[PDB]
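Included below are C-alpha cells for two forms of one protein chain, each presented in isolation as structure 1 and structure 2.
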Structure 1
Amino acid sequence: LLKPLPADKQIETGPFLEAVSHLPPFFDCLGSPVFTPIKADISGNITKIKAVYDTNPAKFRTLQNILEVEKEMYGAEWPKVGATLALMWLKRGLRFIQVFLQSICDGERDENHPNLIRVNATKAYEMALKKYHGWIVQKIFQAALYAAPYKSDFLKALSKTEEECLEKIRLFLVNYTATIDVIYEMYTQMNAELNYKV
C-alpha cells in the first residue's frame, strides 16, 4: 500500500510518512508487541521527520528536499542533524522489515525449526542494522529477535490461508522495496550516509 515510485523517483514526504506510519502497528498484531526496539526506532524517527516536515511542507515536499534544505541550513554539521539523521536511521528499520518479509515470502527457514522465524529476523538484522549498533544495543535487539513469535502465529496475526497471506505481503513488497532502495540510493548519492554506531 505504498504509492508507486513516481516517474522521476522523487518521493513525496507527506504520503511517505503517512504510509510508513501504518507499519509500527503490525508489531502489535499478536497483542504483546514483537521486536519492540525496532518498532520504537521506526516510530520515533517517523515522528521526528514529520515534525520537521509539518513546519513547511512545501519546502520539505520530497525526501530529497529534506536532505538538500538541511544541508544548506546546517552546513558542516549535516548530515548528522535534523530529519536527515532521523531518515538515515528510519531507512535502516524499514530495510529490516523489507528483508525480513522478503525472506519469509521466499520460504527461507531452518529446516529443523520451520515454524520459527529466527533465521529470517537474524538475516534482516544483519543486513539492515547490526553494523550500526554497539555491544549493549546489539544485546537488546538480539533478545527481541530471539523472542520472535512462531511463523504460523505471525502469519495468522497479519491475516486477522497462509499462502494467500504471503501473496499479499509479496504485493506490498513491490513498491515498498523500490521506495526503500531509492532512499538508500539517495543517501549514497548525496553523501548523507554515516557509519557511526549506537
Structure 2
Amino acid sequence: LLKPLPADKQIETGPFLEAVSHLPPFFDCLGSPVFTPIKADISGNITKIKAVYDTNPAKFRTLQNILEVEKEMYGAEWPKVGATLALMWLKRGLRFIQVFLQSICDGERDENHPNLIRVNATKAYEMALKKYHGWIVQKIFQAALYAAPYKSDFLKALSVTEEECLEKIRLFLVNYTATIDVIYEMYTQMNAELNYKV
C-alpha cells in the first residue's frame, strides 16, 4: 500500500519510488513476453527518477522539488528532460494501471464475453495513453491485445478467493488514485505536461 496524501499534498520522492518499484511486475501477470517492453519502459522511468534523486536526496525530497529544480537546471529544454520527463511518462503508465484495475473492480465488461479484458484495457488505454501515441504504436497496442490473458487468469496471477482479490484491489486503488491525481495536477499547474506523440 502507498502511504496516504499528507495535508499539503506533497509526495516524498524516496518513498514514492519504493512503492512504485513494486508495480512493473503487474505486466508479468498478463502472462506473455509481448508485455515485457512495457514493464521495461516503466522500470526505466523509475530507475531514472531514482538516479536523479540519489544525486541529492535533500534537494529532490519531493516530486515537486524534482520539477522546480530541473526547470532551473535545464531552462529551455525543460520539461522534456531528466526526471521531469521520466515522471511525465511514468504517471501515464500508472494511470493505465489505475483505470484498468478500477474498471475491472467496477464490473465493466462485454456481457457477451465477460471473461476477456479487452473493454477494460481499451478503456485504460484510451484514458491514459492513446493521445500520446501515433497510429503505428496504436496498431501495435491492438496487436498486443490478442496476447491478453483471460480476466480470471489475470486475477489469479495478481495473487485467497477472487471476490476478495477484487476487494484487495479496491483497497489498493484509494491512495494510488489519490497520488496519481496529485501528480497529474502538479504537471498541469507547472505547465510541465507535453503532448508530443510517439
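We call the rigid core the largest set of C-alpha positions that still match within 1.5 Å between the two forms. Residue positions are counted from 1 along structure 1's sequence.
- Just one of the listed positions, 30, 52, 69, 166, moves its Cα by at least 2 Å between structures 1 and 2 when the rigid core is held fixed, and it is 30.
- For residue 139, the Cα coordinates differ by 2 angstroms or more between structures 1 and 2 after the core has been superposed.
- Here the two forms are laid over each other by their core, and the C-alpha of residue 93 is off by 0.2 Å between structures 1 and 2.
- If you overlay the core, the Cα of residue 40 moves by 2.2 Å between structures 1 and 2.
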